[PDB]
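Asks: sequence-free structure coming up:
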Ligand SMILES: [Cs+]
Ligand SMILES: [Cs+]
Ligand SMILES: [Cs+]
Ligand SMILES: [Cs+]
Ligand SMILES: [Cs+]
Ligand SMILES: [Cs+]
Ligand SMILES: [Cs+]
Ligand SMILES: [Cs+]
Ligand SMILES: [Cs+]
Ligand SMILES: [Cs+]
Ligand SMILES: [Cs+]
Ligand SMILES: [Cs+]
Ligand SMILES: [Cs+]
Ligand SMILES: [Cs+]
Ligand SMILES: [Cs+]
Ligand SMILES: [Cs+]
Ligand SMILES: [Cs+]
Ligand SMILES: [Cs+]
Ligand SMILES: [Cs+]
Ligand SMILES: [Cs+]
């Protein structure tokens, strides 16, 4: 038996990832990332359905119905951000020629998206994301990892980095360049 | 003369802030933060109008019209995320009783929102955000600052921290607790 909070947290955590990937796919014109986004859009509809199922069954009296509505209302805004993400994804899958200012805009905002190469020498090779907490210890958020021909989306704390992995992360420009050097093996301390 | 990129970057940077504040206002039931969000919603419509004005005037031939459309299309998704943020803000301004799982959900997601007290002893007192780059050097994003009776939203790199300021930031739970100790003066190094 899942809780409303459980379901709700995954919705928020998933849509945050979806918006990040929609931008990743636009920047790299990557159709596989774009397709991950639409799969996630489905999971959101499924989570929202379940949130409604729990919510509806839970209101006993008037005051509680009133509250259960504030939840649906928020899940609705999350729902709208999810479809918006899907929209950006479709543009990539459609294969339309993107105006150059789009990729530059994603690389020059307060928070950009960056691609990081991991070298054999890097002090992070062998460390899990959990152990590392780059989000925590570097402000760079790892949203995906291209390990050869495969993609690991929304990797967890168990995921262990290998030389050759290409980290896809979000953070400030400075956060990303820094992290890149830690990955070339230029910076031996994290 | 502004450029399309200029306008576009502010749109993306502003909506990212709006979503962050919509959550801040929900968590603290703060009506002033909520009202900032709606003011920002207006600025987005204004930026989008200008983006359209530039875009429309810029397409010379067919291929270029095609590209200018990919821009409008994205500005449209940004537009939808902005209205979604406004929706969350309205719930706070409406003063409706929020279901308890909402504030817990904002405090228990991958990325939470936190309130940070700055003490006289803190090594950050006297430092500008620019100089500091907490986003960069700590992964905590400062989205607003309650300095007494006033709010500084989306503070820039010039903003200089004072004892007594209450920093509103976004980051992982660990990033936020850490930053809190640097603010109590418990941790003398950043
Ligand atoms: Cs490509
Ligand atoms: Cs959806
Ligand atoms: Cs019921
Ligand atoms: Cs909706
Ligand atoms: Cs809608
Ligand atoms: Cs393309
Ligand atoms: Cs650190
Ligand atoms: Cs995963
Ligand atoms: Cs995850
Ligand atoms: Cs590689
Ligand atoms: Cs309040
Ligand atoms: Cs708007
Ligand atoms: Cs024209
Ligand atoms: Cs729209
Ligand atoms: Cs819409
Ligand atoms: Cs309230
Ligand atoms: Cs650091
Ligand atoms: Cs500002
Ligand atoms: Cs700013
Ligand atoms: Cs204070």
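Replies: Perfect, I can see it now. Numbering: from 1, shown residues only, chains lettered A, B, ... in the order given. Ligands and ions are numbered 1, 2, ... in the order given.
Asks: not counting sequence-adjacent ones, nearest residue to the spatially most central residue of chain A?
Replies: In chain A, the centroid-proximal residue (C-alpha atoms, centre = their mean) is residue A:17; its distance is 2.2 Å. Of all residues not flanking residue A:17 in the chain, residue A:154 sits nearest, at 5.1 Å (C-beta to C-beta, 6 or more residues apart in numbering or on different chains). Backbone N, C-alpha and C define where each C-beta goes, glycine included.
Asks: for the one you found, the count of nearby residues, please.
Replies: 19 (other C-beta atoms under 10 Å in any protein chain shown).
Asks: quick check: can you list the domain ranges of chain A?
Replies: Recorded structural domains for chain A (assignment: curated CATH domains) are A:1-107, A:108-190.
Asks: need those in JSON lines with distance to residue B:109, can you?
Replies: Shown next, in JSON lines, are those (distance: least, C-beta to C-beta, whole Å):
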{"stretch": "domain A:1-107", "distance to residue B:109": "5"}
{"stretch": "domain A:108-190", "distance to residue B:109": "12"}
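Asks: which one of those domains lies nearest to ligand 19?
Replies: Set against ligand 19 and scored by C-beta to the ion, the domains of chain A come closest in domain A:108-190, at 6.7 Å.
Asks: correct me, but the residue nearest to the centre of chain A touches residue A:155?
Replies: No: with contact defined as C-beta atoms under 8 Å, residue A:17 does not reach residue A:155; the gap is 10.6 Å.
Asks: on that earlier part again, any idea how far residue B:137 is from the residue nearest to residue A:17?
Replies: 25 Å (C-beta to C-beta, to the nearest Å).
Asks: cool, residue A:94 as well?
Replies: 40 Å.
Asks: for residue A:34, same thing?
Replies: Residue A:34 is 33 Å from residue B:137, by C-beta to C-beta.
Asks: of the two, which one has the most company?
Replies: residue A:34 (24 against 15).
Asks: make sure the more buried one is indeed in a helix.
Replies: Yes: the assignment for residue A:34 by DSSP: H, G, I helix; E, B strand; the rest coil puts it in a helix.
Asks: now it: how far from residue A:86?
Replies: According to C-beta to C-beta, residue A:34 stands 9 Å off from residue A:86.
Asks: next one: residue A:53
Replies: Distance from residue A:53 to residue A:86, by C-beta to C-beta: 23 Å.
Asks: so which of those two has more stuff around it?
Replies: residue A:86 (20 against 13).
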